[PDB]
Every structure is written in C-alpha cells, then in structure tokens.
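So the protein sequences, as listed, match chains A and B.
Under full-length UniProt numbering, think of the first position of the first sequence as 1, with each following residue one higher.
Under full-length UniProt numbering, think of the first position of the second sequence as 148, with each following residue one higher.
C-beta atoms are modelled at their ideal positions from N, C-alpha and C, and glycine is treated no differently.
What follows is one structure encoded as structure tokens, with my remarks underneath.
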Amino acid sequence: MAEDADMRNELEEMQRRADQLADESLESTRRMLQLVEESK
Amino acid sequence: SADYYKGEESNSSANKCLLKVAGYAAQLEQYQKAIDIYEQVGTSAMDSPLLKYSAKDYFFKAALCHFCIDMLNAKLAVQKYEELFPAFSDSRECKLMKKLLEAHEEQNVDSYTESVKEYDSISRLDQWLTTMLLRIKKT
C-alpha cells in the first residue's frame with residue numbers, strides 16, 4: 001500500500017498544482033478586464 | 148464667461164463652462180438646471196464625429212440628477228434617451244440604472260449596495276457620483 005499511498009500523495013500535490021494554475025488564470029483574466037476597461 | 152464665448156461663436160469652450168456650471172449647481176440641491184444643461188450638451192455632442200463617443204456619459208449624469216426628484220420620472224426618462232440613442236443601451240450605465248431601479252422598487256437596499264460595490268470595484272467611482280448615490284440611497 002506504501003507504493004499506492006505515496007503515488008496518491010503525489011497525485012494530491014498535483015491537484016494542488018492544478019488548483020493553483022486555474023486560480024492564477026482567473027486572476028490574470030480579472031486584471032485583463034481591469035486594464036482593458038481603464039484605457040477608454 | 149460662457150455668455151461671452153457663445154457671443155463670440157467659439158463653440159466647444161462655452162460647453163465646458165456650462166458643464167462646470169451644471170455640475171456645481173447640482174451640488175446645491177437644485178436639479179432642474181443641471182438636467183437641462185446635461186441634456187442640451189448631450190444632444191449637441193451626439194452629432195459631432197469626435198465627441199460622439201463621450202455623449203453617452205452626459206446622459207447618465209442627467210438620469211442620476213433626475214432620480215432624486217422621483218423614481219417614476221427617472222424610469223420614463225431612460226426610455227426617452229434609449230429610443231433616441233439606441234447605442235446607449237450597450238454602455239454599462241444603462242444596466243447599472245436598471246439594476247438599481249429593480250433593487251429600489253422593493254426597498255432592497257442590500258442589492259442596490261452590492262451592485263454599487265461591484266461597479267466601484269470594476270472601476271473606481273468619483274466623489275460627485277459617490278455623494279449623489281449616497282443621497283439617492285437615503286430614500
């Protein structure tokens with residue numbers, strides 16, 4: 001089980017990676033909209 | 148000064164003086180002059196090539212200055228503008244006004260306040276607009 005346990009733990013770390021990537025993209029889009037609004 | 152400039156046939160400069168006059172008059176709790184000046188300036192600037200893009204903004208101010216008198220005459224006012232300048236419907240000001248009207252129609256102060264917060268978050272609000280929105284909220 002140690003093999004499966006450790007690999008699933010790396011998978012959980014990878015879930016955190018995915019969450020960070022998605023949140024970063026969302027924040028980038030929000031700042032995107034802010035600047036685009038500002039120029040006008 | 149605006150009278151002199153108009154008498155000199157130098158347009159686009161008297162307009163700024165009248166805009167300042169209307170903006171300051173709206174502060175003293177006298178709204179008729181502000182509404183008249185704002186609507187006149189907006190309709191005048193509608194037809195100009197360069198100034199056209201700014202025209203919409205003026206209307207919004209009048210609407211706010213028209214909201215204090217009574218809510219009924221504000222709703223109708225919006226209609227009068229939208230039919231004349233259909234592109235006004237595209238700007239965020241129309242949506243904000245409709246949402247504020249819907250929130251106020253049922254004493255839902257919280258929805259009005261939340262919409263104001265969201266609009267301010269997207270773009271910072273001016274002191275004039277902040278004060279006028281606070282005054283409207285009092286009702």
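Sub-8 angstroms separation of residue i and residue j beta-carbons
i: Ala169 (chain B); j: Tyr185 (chain B); result: yes
i: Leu248 (chain B); j: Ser262 (chain B); result: no
i: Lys284 (chain B); j: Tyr259 (chain B); result: yes
Residues near residue i in its chain [Cβ-Cβ closer than 7 angstroms; skip 5 each side]
i: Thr286 (chain B); result: none
i: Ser236 (chain B); result: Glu229
i: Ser148 (chain B); result: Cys164
i: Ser160 (chain B); result: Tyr152
Residue from the options whose Cα sits closest to the Cα of residue i
i: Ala181 (chain B); options: B:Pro233, B:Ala209, B:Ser238; result: B:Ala209
i: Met279 (chain B); options: B:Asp194, B:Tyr171, B:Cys241; result: B:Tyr171
i: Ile216 (chain B); options: B:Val263, B:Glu176, B:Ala250, B:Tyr205; result: B:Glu176
i: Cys241 (chain B); options: B:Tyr178, B:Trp275, B:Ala224; result: B:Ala224
i: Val188 (chain B); options: B:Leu231, B:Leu276, B:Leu165, B:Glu229; result: B:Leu165
i: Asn220 (chain B); options: B:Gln179, B:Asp237, B:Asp273; result: B:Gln179
i: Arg282 (chain B); options: B:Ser238, B:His213, B:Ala234; result: B:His213
i: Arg239 (chain B); options: B:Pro196, B:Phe207, B:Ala250; result: B:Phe207
i: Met218 (chain B); options: B:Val256, B:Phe232, B:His251; result: B:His251
i: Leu211 (chain B); options: B:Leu231, B:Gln174, B:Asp257, B:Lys167; result: B:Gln174
i: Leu276 (chain B); options: B:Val256, B:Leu243, B:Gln254; result: B:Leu243
i: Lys222 (chain B); options: B:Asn255, B:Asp194, B:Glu265, B:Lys245; result: B:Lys245
i: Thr190 (chain B); options: B:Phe232, B:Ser160, B:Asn158; result: B:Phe232
Residues of its chain near residue i, where Cβ-Cβ distance is below 8 angstroms and the 5 sequence neighbours each way are ignored
i: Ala192 (chain B); result: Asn162, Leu198, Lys199, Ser201, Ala202, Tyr205
i: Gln20 (chain A); result: none
Does the count of Cβ pairs from the stretch 265-272 of chain B and the stretch 198-205 of chain B closer than 8 angstroms reach three?
no
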